[PDB]
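Per chain, numbering begins at 1; letters A, B, ... match sequence-line order.
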Amino acid sequence: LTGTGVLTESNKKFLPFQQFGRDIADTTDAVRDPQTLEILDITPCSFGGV
Amino acid sequence: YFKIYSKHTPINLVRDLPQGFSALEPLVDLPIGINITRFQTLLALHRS
Ligand SMILES: *[C@@H]1O[C@H](CO)[C@@H](O)[C@H](O)[C@H]1NC(C)=O
């Protein structure tokens with residue numbers, strides 16, 4: 001699973017089966033890292049109009 | 001793939017299904033790859 005974003009700590013209480021999370025657009029918003037099983041939130045990097 | 005979903009609920013109703021809502025979490029996924037059209041419940045006898 002590929003993508004770009006800032007990985008931060010999260011407070012979303014994922015259930016044991018649950019691995020990733022999806023927004024309305026279906027783009028991945030949170031992910032569970034292998035090897036260490038922790039839950040990393042994925043926040044898109046800051047952008048806007050010049 | 002044999003998907004088993006499970007949920008354990010404390011109830012106190014005597015005879016029928018209690019009326020309420022409880023979403024079943026996934027328990028296990030088994031790669032059995034076999035044809036299934038019929039199934040059986042297994043019970044346990046009590047002997048004295
Ligand atoms: C390796 O990944 C497994 C998950 O499949 C995990 O249980 C285990 O702790 C990991 N070990 C190391 C050394 O990262």
Side-chain angles (χ1 to χ4, degrees):
Chain A
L1 202 174
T2 306
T4 315
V6 307
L7 304 199
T8 59
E9 215 81 16
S10 81
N11 47 308
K12 311 222 178 308
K13 56 175 58 48
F14 277 24
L15 284 199
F17 70 89
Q18 268 155 2
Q19 302 294 301
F20 65 98
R22 268 184 173 179
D23 64 359
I24 318 293
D26 283 7
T27 76
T28 303
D29 60 32
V31 74
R32 180 182 296 263
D33 72 326
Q35 322 165 115
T36 308
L37 280 67
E38 175 63 341
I39 38 167
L40 307 179
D41 219 288
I42 305 174
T43 307
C45 303
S46 295
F47 75 108
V50 177
Chain B
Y1 275 17
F2 203 70
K3 273 75 70 177
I4 306 187
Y5 302 80
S6 188
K7 175 55 69 176
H8 277 297
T9 298
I11 60 169
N12 210 33
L13 195 150
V14 183
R15 293 182 183 174
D16 211 0
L17 281 169
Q19 186 178 13
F21 183 76
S22 290
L24 267 68
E25 294 164 69
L27 175 62
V28 71
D29 196 2
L30 298 173
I32 61 170
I34 63 169
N35 193 359
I36 291 162
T37 55
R38 289 160 65 193
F39 86 102
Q40 296 298 109
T41 303
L42 292 183
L43 298 174
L45 301 182
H46 289 333
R47 306 262 194 171
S48 65

Participant: Looking at NZ of B/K3 and CG of B/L27, how far apart are the two atoms once the value is rounded to the nearest 0.5 Å?
Facilitator: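 Taking NZ in B/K3 and CG in B/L27, the distance rounds to 14.0 Å.
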Participant: What pairs meet the salt bridge (charged side-chain N to carboxylate O under 4.0 Å, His left out) rule with one or both residues in residues 18-31 of chain A, with sequence neighbours excluded?
Facilitator: none
Participant: Can you list everything that forms a side chain to side chain contact (heavy atoms under 4.5 Å, CB included) with B/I36? Sequence neighbours excluded, please.
Facilitator: B/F2, B/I32, B/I34
Participant: Could I get the full list of side chain to side chain contact (heavy atoms under 4.5 Å, CB included) partners for B/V28, not counting sequence neighbours?
Facilitator: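 Testing B/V28 for side chain to side chain contact (heavy atoms under 4.5 Å, CB included), a comparison that skips the adjacent residues, returns B/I4, B/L30.
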Participant: Taking all non-hydrogen atoms of both residues, which atom of B/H8 and which atom of B/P10 are closest, and how far apart?
Facilitator: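 Closest pair (atom of B/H8, atom of B/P10, distance): O-CD, 4.0 Å.
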Participant: Only counting residues at least two apart or in another chain, list the ones meeting side chain to side chain contact (heavy atoms under 4.5 Å, CB included) with B/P26.
Facilitator: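 Applying side chain to side chain contact (heavy atoms under 4.5 Å, CB included) to B/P26 gives A/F17, B/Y5.
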Participant: Only counting residues at least two apart or in another chain, list the ones meeting salt bridge (charged side-chain N to carboxylate O under 4.0 Å, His left out) with B/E25.
Facilitator: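 So B/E25 forms a salt bridge (charged side-chain N to carboxylate O under 4.0 Å, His left out) with B/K7.
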Participant: Apart from B/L43 itself, which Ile, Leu, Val, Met, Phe, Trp or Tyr residues share its cluster (side-chain heavy atoms under 4.5 Å, direct or through members)?
Facilitator: none
Participant: Applying side chain to side chain contact (heavy atoms under 4.5 Å, CB included), name anything that partners B/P18, two or more places apart in sequence or on another chain.
Facilitator: B/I11, B/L13
Participant: Partners of A/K13 by salt bridge (charged side-chain N to carboxylate O under 4.0 Å, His left out), sequence neighbours excluded?
Facilitator: none
Participant: Does anything in residues 32-50 of chain A form a salt bridge (charged side-chain N to carboxylate O under 4.0 Å, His left out)? List the pairs, not counting sequence neighbours.
Facilitator: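 Non-adjacent pairs meeting salt bridge (charged side-chain N to carboxylate O under 4.0 Å, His left out): zero.
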Participant: Out of curiosity, A/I42 CD1 to A/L7 CG, how far, rounded to the nearest 0.5 Å?
Facilitator: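 Going from CD1 on A/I42 over to CG on A/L7, the span is 6.0 Å.
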Participant: If you look only at pairs with a residue in residues 29-48 of chain B, which of them pass as a side chain to side chain donor-acceptor pair (under 3.5 Å), with sequence neighbours excluded?
Facilitator: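 Passing the test, one end in residues 29-48 of chain B: no pairs.
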